[PDB]
């Protein structure tokens, strides 16, 4: 009856291996069915009535009037196309978004928000009490006999897609998930969650090699969504510790990796030399590896996808980086590099136009395969974990007061980690 980290010689299972013996859970909490308000809009000055389905999607946009999205052309265009797909099932006069007046619905929404804000403390407790009753059968599962919290058991409600940065699909409708969209993953001998009356699940499976309880395919881009356990669960904890244990194992292999890529700087093989500069960047600067993105995604880059436009070669072996990375967070840094790397970068860019790739002969697959030659499980993301953790360690050890003064000291050592990682909040 120990906890799993006080256990003597436990084998933690890895991704794709057998993860559980038994799994029981109650499925997913579906948001409430749409409740129409019957408020019209006005098109080119004339009142216009809507089916509940049209009205729901109109309301999604109308309600976003004060948001920056509402005034973005791509957002407005994608909304209108989505809305018209619904509207075009019947006869209607809607041809241009500019001529749609959503004001009665907006005003309805402001009345509903005021009514919600001005309920009593006792009225907002009988509401919080009724919802937590509703969620209670779904907050927990039983994984190998142990009770674990489930994280995202509430199915995503429909809405206008909120893409980060310059996402080409921002405003597009994310449609309502039905039971028929959802695959249940559960134990062979468990009680199967009952679908809502009149509906069925997509499928019920019993895959012991995965950690998810339910899955659906999202309508915006077909992205697979999963109900998984809370971070407090042992399956998350164990994979979380194993992750930090590989960063620690990298600490000991690091010197040998650097001597290896420094020899590759002098390679006449173009792939090898490019591979070397990329692993130099990932090591020293903790860049993400940068997988290729589709035409229906925002244009962002990491290491392997940097383009000529993203770096600028300055006088004293200094490289100026300027690019949007994951989440369209800007990375700006002036970096003094090895002269051998700076010269390689001149080679990698010399007669190329700004939109061309710097590492045109290197992809993340090749980089991560090479890394497996140094250490099992080693991949580019591990350097980032290694860099963040080793940066805090070093600071505590080479820069060692009141309980509050010692916290300001922590905040500052944390800030150095966050700067290296380029973590930002608006």
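Numbering follows the first chain given and starts at 1.
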Going from residue 400 to residue 401, the deposited residues skipped in the model number 4 to 9
Once average C-alpha B-factors are taken from the entry for 190-198 and 124-132, the winner is 124-132
Selected stretch [higher average CA B-factor]: 306-314 or 262-270: 262-270
Which of these, 301, 221, 117, 277, has its C-alpha atom at the highest B-factor, as the entry lists it? 117
Out of 167, 84, 251, 77, residue topping the C-alpha B-factor column of the entry: 251
Could you say whether, by C-alpha temperature factor, residue 59 belongs to the lowest, middle or highest third of its chain? lowest
Ranked against its chain, the third holding the CA B-factor of residue 344: middle
Residue 374 CA temperature factor, ranked by third within the chain: highest
Ranked by Cα temperature factor within the chain, is residue 384 in the lowest third, the middle third or the highest third? middle
Quick tally, chain-level thirds of C-alpha B-factors: residue 50 sits in the lowest
